[PDB]
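Asker: I need the structure of the sequence given here:
(chains A, B, C, D, E, F and G)
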Amino acid sequence: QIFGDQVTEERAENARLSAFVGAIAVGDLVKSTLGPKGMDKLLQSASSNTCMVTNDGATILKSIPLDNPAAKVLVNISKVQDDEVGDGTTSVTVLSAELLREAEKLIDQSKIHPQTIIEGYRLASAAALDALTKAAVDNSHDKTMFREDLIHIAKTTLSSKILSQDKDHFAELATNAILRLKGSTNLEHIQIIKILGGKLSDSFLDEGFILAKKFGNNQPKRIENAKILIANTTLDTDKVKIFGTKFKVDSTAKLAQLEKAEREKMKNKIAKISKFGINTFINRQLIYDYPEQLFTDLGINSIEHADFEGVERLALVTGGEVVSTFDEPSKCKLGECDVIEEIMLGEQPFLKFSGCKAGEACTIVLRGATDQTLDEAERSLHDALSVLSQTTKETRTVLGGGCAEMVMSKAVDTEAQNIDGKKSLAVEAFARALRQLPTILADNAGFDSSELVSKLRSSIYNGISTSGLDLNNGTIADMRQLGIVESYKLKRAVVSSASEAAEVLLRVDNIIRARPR
Amino acid sequence: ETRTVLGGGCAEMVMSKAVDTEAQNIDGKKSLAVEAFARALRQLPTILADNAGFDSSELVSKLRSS
Amino acid sequence: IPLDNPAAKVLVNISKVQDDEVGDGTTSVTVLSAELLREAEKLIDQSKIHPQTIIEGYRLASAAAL
Amino acid sequence: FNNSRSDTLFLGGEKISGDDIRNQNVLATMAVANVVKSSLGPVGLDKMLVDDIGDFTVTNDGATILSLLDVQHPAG
Amino acid sequence: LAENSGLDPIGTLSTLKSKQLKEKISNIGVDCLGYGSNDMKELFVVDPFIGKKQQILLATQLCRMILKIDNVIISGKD
Amino acid sequence: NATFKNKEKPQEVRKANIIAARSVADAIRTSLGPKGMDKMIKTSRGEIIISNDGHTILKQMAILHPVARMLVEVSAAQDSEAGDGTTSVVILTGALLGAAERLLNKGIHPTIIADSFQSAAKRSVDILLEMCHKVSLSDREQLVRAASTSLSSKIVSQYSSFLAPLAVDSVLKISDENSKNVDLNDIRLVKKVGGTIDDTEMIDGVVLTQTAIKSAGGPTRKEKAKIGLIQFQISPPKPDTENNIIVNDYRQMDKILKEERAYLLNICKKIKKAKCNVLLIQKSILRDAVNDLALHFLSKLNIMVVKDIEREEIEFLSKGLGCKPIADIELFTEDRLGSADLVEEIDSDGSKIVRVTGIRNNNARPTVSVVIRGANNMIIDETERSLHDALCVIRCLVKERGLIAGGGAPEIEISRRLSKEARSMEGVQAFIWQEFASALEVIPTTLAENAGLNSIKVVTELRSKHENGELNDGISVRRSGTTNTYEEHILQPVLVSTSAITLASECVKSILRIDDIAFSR
Amino acid sequence: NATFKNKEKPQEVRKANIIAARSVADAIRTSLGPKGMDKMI
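Answerer: Numbering: from 1, shown residues only, chains lettered A, B, ... in the order given. Have a look at this structure:
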């Protein structure tokens, strides 16, 4: 009797059924309740007079006691989706059940490795998110008025904050820190520089990626046509703690000979650096003068102590990679920038890059009179940038009514075209669950889903990518003419949660029952 | 007779993509009926690979995609 | 093999057509005829509508196969 | 005891082997030896041989008893 | 490891034995993580010699101890 | 991971037939070797028989299991081709079935399992030919020693001195060169009561099973004779319906006699026109074969008559003598006759057996019938079966030249070579070469178990000695250990080990190819 | 033709609730009007 105290392990045959059929039975509770035309469920207790009827997916799943240990996993997935947004919990559980329903066919009559099935979804979901981006529309129209509406909202976010001293200058910095990105609005694309000895109104916006530390001793302060390499290694005194070692040598000069041999091993790595044809090198650790002197003859400037976030933000602006090792010469993702200029602000030397390759980003340099003005401004600035970024990601919608679900199917079928051997059925199974979403929505409407979904697939396959399902008239019409749209953030949340839920469940060859609390 | 075609499961899959071409332009309710006919044509190389002692899912998937 | 299934007796009479017309490849005919039943069972159970329409789907699909 | 009705190895008859047949060979020769155990030597004593008809006979010869003794057993 | 990686356990094992014999003596293992080809030695994937030696000693020490117990006595609950 | 589930289980049904087939090999396992244990089998009729011969056990076992019945057909083909090794070929089949059980547990389809045994059987024979010692039929000293060792396993031993060249000289006349398989049915062993073992006559031409006419007029000898085979029988008319002969008058008596004597004479006249000196009449106990009036008629025409010919010899005499069967006298002519210089009746003691020499035919070739004599009935019987096994060993050398040292010697070395040659393969097949080599060691391991020797100890002694030497060591029950089987006069022909491996690969194939069974009437 | 599969069987739950609720309405049906039948509990 393994485990014990209500803990047990399911049989490999029953665990696959408990993770699939057992999870579908939980998804079947919210299956018929999906959509505005969905049905209702009954929740009855032992007293039987306390019961209630509701269509809420979060209420039905949490109220019903689940003895299936695999069903408790879907409860945790529902909590992750509820944290993102309070709507769409029903659609995630139903879509996850459709992925597991085809997964039973991806094992029995298929014989495909389960991790490859997940990797088959990771490649299919990537094409699904890309298809939603191409078909994405927005209510941002009349952007000329929308760009003006952002600077007024930024002023409202500055209330109660010490930045309220000047609203016009600070709201312009926050507004230009978003619209000028033309891409991801995450704070990783915005660098904050906190300095002393000035006024808050003297702050300015610079897209040149200003970083505090300098590079080189006798090296020049200007670099033209820079080639940036990103790597992490210790070129100066490795094994940071040498205390306790015993070096057996006949004389002290032989102890330094091993250090010279270590310096000879430095040329092995330095030679691989010169094979890349770079005038600039990035390192998180320090570098001793001898390997740095060899960089002077090769014309390589070394920026040191970039930490990690500073390295990742440098790879995004210059289009580089964070890899710390050299697998093979002339194979890598390299960045570059037009001009590297060293400036001085606040009695400290700074570095201002210029002309980064495909660079889209900004660096907000906050100049305060003390540490209290710098710390409270950065926390309040990110709150103002979060409100401005909320209007960019939200109110941006996509065509609904079965459209977006079928449009993703066409992109996944395109991914199912060029694919390796074992993932051909795994990618195709993902497109089947995408077509089951409008199928179930047509189930509760009272119409024929097999007729509407089949005609919807053949319609979008050749031309007419904007068509969708009309539940009112029971036919196929243009979604742009009917004005049926659904949020893009809701689509990304359901697809991401379905991939995370399938990542844990498909790897299951056995189920460990949780301990009751 | 003595007029032949290319064998070895090729022509069986050539008909599968031809029926899939028929499954491209098709009526509303006749899409599944025609598409399933191509599924039965793709089960012929599956049976030949199972009786020969090989992996049918690996061969047919690479045979269909090619 | 004696077949008590009245539907299986009809399948034996259908296989006699291949023996009288040609007389070679009768096994491949019975297998492919059973594979069409495997797909027809998947089309019916997922529909439960009269198969006569599905029969028209095979006639249009068999023309593309020929 | 008495191994019978094997679920596998389908045959037109029962099949035994192992220590079961080796123990039956000892029990078979033990009952046969006990018949001639008391008849050994001139000091031995006669025994009665009863048939299915109900008649019997009395003789002390061990050769005539074993000839008329009914034993069903491969080693017996 | 070959079964959990989606590869033939007999086919991959027999393939690795031929690469380390007919070609040359080296270390080429099964692929645990996704890569383009074989020869993990090119990937610089290393395991500690003292760690791998500690595993085979404890596995042998326990296998002998299991063979040294031919009898199991388990008392009931009074 | 997650693989093909195989909801329907046709393989599990086959695995049940494999276990049922391995259970038959476990019963035959104890009977392997001359020291093997006997098996008691009680027939449904009530007969109690016992023997250690695997050919007689599987024949009377009455297996109702269809897959296990294949082991009986392999033992029949093992005795028909090689003549020896019917017990070891069944045990080798069970080992391949046991090794296939591990292959099915690894997810291997039985088609590759059966196809890999084909290359494994062809390679094992080629390796066996490399170690085999080539011998030729032109050497008469090697054939006598090979036949003398096969006769030392029977009650008759010291009298085999004259028995050994009997089987050797009989085959050398029928062997010619490059004849491949030579049917031993052409060699007829005649068993007659009386005489002794030292009295034997080869009579390479032919020998009959029957005496001559004991009635009045029997010639009992003929010179320059032509021998036909008559399936008909010369008798007065006797319809299968109810008939009766009633003579109420002298005219009725002559009427019956004239009709019978003329009908018999008309048949006798057609025989003389074809110049038929000797006649062979098929034995029929229902009606009369040859009437006494026909014996007096054929005696006046100087035609030798031998009647009551056994029906079993009708098929044999039609082949060796090069004649044709005659159904009716109308089709009975000279073209179906033979040619015989002298046909006489020679009685050693009490037998009165007829022999014929000088067939002198191009189509008929030297079909030899050997006469075996002895005092007790148990003599001529065991002698016939002992010489039959000696003919099988010599038959192996004629079809395939060369011999090997028996006692499990080739099974150990081939298993060691296939284990080293398994590195040259790749993929699923390479693991099968290792399991195929381990399956070849069941024969020498069982020989050590049935002989009382230590199982694990003797098998390791073979792998140790066969490394330095080649085919010089094997298991011998005479020395109670591992010794040289060539010095102990233990010689197993190569065709026995070749046919045992060939029939094993074909038997396991016919087994694993069965994925299901259904009632068919 | 090809229509929706209807793998689940929700009708057995609805039809069992409709028949059970119809017996309640038929019991109250006899009480309609001033001349209707009185029910005892």
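
Asker: ok, whichever residue of chain A sits closest to chain C - how many residues close by?
Answerer: Nearest residue of chain A to chain C, counting by C-beta to the nearest C-beta: residue A:450, 7.0 Å away. For the C-beta atoms, the positions are set from N, CA and C on the backbone; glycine is no exception. The tally of other residues near residue A:450 (other C-beta atoms under 10 Å in any protein chain shown) stands at 21.

Asker: what's residue 8 sitting at in phi/psi?
Answerer: By default, I'm working from chain A. phi -160, psi 160 (degrees, to the nearest 10).

Asker: Can you look at chain D instead?
Answerer: phi -110, psi 180.

Asker: and the residue of chain A closest to chain C, what does it touch?
Answerer: Contact analysis of residue A:450 by C-beta atoms under 8 Å, 6 or more residues apart in numbering or on different chains lists A:439, B:29, B:32, C:46, C:47, G:2, G:3, G:4.

Asker: switch the cut-off to 7 Å
Answerer: Residues in contact with residue A:450, defined by C-beta atoms under 7 Å, 6 or more residues apart in numbering or on different chains, are C:47, G:2, G:3, G:4.

Asker: try residue A:312
Answerer: Contact analysis of residue A:312 by C-beta under 7 Å, 6+ apart lists A:188, A:322.

Asker: and if you look at the one 10 residues further on?
Answerer: By C-beta under 7 Å, 6+ apart, the contact set of residue A:322 is A:230, A:311, A:312, A:315.

Asker: out of those residues, who has the most neighbours?
Answerer: Using other C-beta under 10 Å as the neighbour test, the contacts of residue A:322 are led by residue A:230, with 23 neighbours.

Asker: Count the residues that sit near residue F:352.
Answerer: 15.

Asker: what's the answer for residue D:3, then?
Answerer: That count, for residue D:3 with other C-beta under 10 Å as the rule, works out to 12.

Asker: which bits of the stretch 1-150 of chain F sit near chain D?
Answerer: Contact residues (C-beta under 7 Å from any C-beta of the partner chain) of the stretch 1-150 of chain F with chain D: F:19, F:20, F:23, F:40, F:48, F:62, F:63, F:64, F:65.

Asker: Recalculate using a threshold of 8 Å.
Answerer: Listed as neighbours of chain D in the stretch 1-150 of chain F under the rule C-beta under 8 Å from any C-beta of the partner chain: F:16, F:19-20, F:23-24, F:27, F:40, F:42, F:44, F:48, F:50, F:61-65.

Asker: Contact residues of chain F facing chain E?
Answerer: Checking chain F against chain E by C-beta under 8 Å from any C-beta, the hits are F:1, F:106, F:108, F:423, F:425, F:426, F:427, F:428, F:430, F:431.

Asker: can you rerun that using 7 Å?
Answerer: So chain F meets chain E at F:1, F:106, F:423, F:426, F:427, F:428, F:430, F:431 (C-beta under 7 Å from any C-beta).

Asker: check contacts around the fifth one.
Answerer: The neighbourhood of residue F:427, defined by C-beta under 7 Å, 6+ apart, consists of E:11, E:14, E:15.

Asker: Can you show me the CA trace of the host helix or strand of the last one as CSV?
Answerer: What it means is residue E:15. Assigned by DSSP states H and E, residue E:15 belongs to helix E:9-18. Taking Å, rounded to 0.1, in the frame of the first residue of the first chain, the C-alpha atoms of helix E:9-18 are listed here in CSV:
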residue,chain,number,x,y,z
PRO,E,9,15.3,2.2,-26.9
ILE,E,10,16.7,-0.7,-28.8
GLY,E,11,17.5,1.1,-32.0
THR,E,12,19.2,4.1,-30.4
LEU,E,13,21.2,2.0,-28.0
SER,E,14,22.5,-0.2,-30.9
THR,E,15,23.2,2.9,-32.9
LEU,E,16,25.4,4.4,-30.2
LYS,E,17,27.4,1.2,-29.8
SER,E,18,28.3,1.3,-33.5
